Each structure stands twice: as structure tokens, then as C-alpha cells.
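There is one chain below, alone, in C-alpha cells, taken in the form deposited without the ligand.
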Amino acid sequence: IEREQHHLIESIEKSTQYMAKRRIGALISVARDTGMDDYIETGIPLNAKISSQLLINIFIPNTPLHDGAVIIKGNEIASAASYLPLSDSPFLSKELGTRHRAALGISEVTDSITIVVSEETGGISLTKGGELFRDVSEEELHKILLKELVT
């Protein structure tokens, strides 16, 4: 499982870096100890092997799988186009869109790690436990994913 988490990290990193250069909006939520099955069930089931290639193809704009969140559970991309709870926090900047609000929302009610790619800026953001790491560098993203996902 140790190699699966590292492959998960590398897949997120490659897909997000690919989509960030192209300003392709993306929203990837990795479940952890708390189940996210209710929101998996809101999307289109994939139950697919994790890969950067599939993550990218899912988020291509105007495609059947892009409008929503990808939820990763265990060693599978469980679903795409899932809905996530939107945070009601007035602290979150109005310059950020609903992807960040969804990413903040799910982080308030689960211990899940959620990664966002802004289609406006290409900035990669991350949410965990109700907090937002906005516009992280590749180094910062790699350290956070290593810390939070390799357990």
C-alpha cells in the first residue's frame, strides 16, 4: 500500500501540473479515515485504477466527466463529476470559485485531502480540516501530499 500512496501522490502531481499549465479547472478529493461514499454516489462511478492520464482526461472541459469532483477512495478513482458540500465560510476570498468552496466544504466535514486547480489562474490549492492552502508551489504540494497521504 506504501507504493500505492506514492503512485497516488505522483498521479496527482503530474495531472495537476498538466492541468495547471493549461488552466484546466480540476477538483480531486482523496478520502481518508472518514467515508465519502455519500458523495461518491453523487457522481458517475469509475472504480478505476489511479493514473495521471485518467485524471487529466476526466477534467478536460465540456466533457461528461469534468463537471464536478473526482473522489479517490482506497486505490481507486471511485467517481468523477461528484458534488461536494459548499462551505458557507465568509472568510474564503470571493476571487475563488465554487471549486475552492466545494474543496473547503468537504474539508470541514471530513478529514479528506482535496486538491484544486483554478481554471482562472492555474494555481493549485489544497484543503484539509477546514483550512485552505492557496496557490501552493510544486515543492509545497509535494510535501503536503507526502505528509498527509503517506501514513
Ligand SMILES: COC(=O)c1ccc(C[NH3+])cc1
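Each residue number is its position in the shown sequence, starting from 1. Just so we're on the same page, rigid core means the largest C-alpha set that superposes within 1.5 Å between forms.
Two stretches, 30 to 38 and 45 to 53, are weighed by how far their CA atoms sit from the shown form in 7 other deposited structures of this protein after rigid core superposition; the farther one is 30 to 38.
Averaged over Cα atoms, the B-factor as recorded in the entry is higher for 30 to 38 than for the other of 30 to 38 and 54 to 62. With 101 to 109 and 88 to 96 compared on mean CA B-factor from the PDB entry, the stretch scoring higher is 88 to 96.
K143 sits in the highest third of its chain by CA B factor, as recorded in the PDB entry.
In this PDB entry, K21 carries a Cα temperature factor that places it within the middle third of its chain's modelled residues. The entry lists a Cα temperature factor for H6 that places it in the middle third of the chain's modelled residues. Sort the chain's modelled residues by C-alpha temperature factor and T114 lands in the lowest third, per the entry. Sorting the modelled residues of the chain by their CA temperature factor places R134 in the highest third.
Keep in mind that the form deposited with the ligand bound is not shown, yet the notes after this line are about it.
The listed set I9, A20, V136, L132 contains one residue whose heavy atoms approach the ligand in the deposited complex to within 4.5 Å, identified as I9. Of the heavy atoms in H142, some are within 4.5 Å of the ligand in the deposited complex. Here the marked residues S15, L54 and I56 all miss the ligand in the deposited complex; none has a heavy atom within 4.5 angstroms. Residues of 124 to 151 lying near the ligand in the deposited complex, listed in sequence order, are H142, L146, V150, the criterion being any heavy atom within 4.5 Å.
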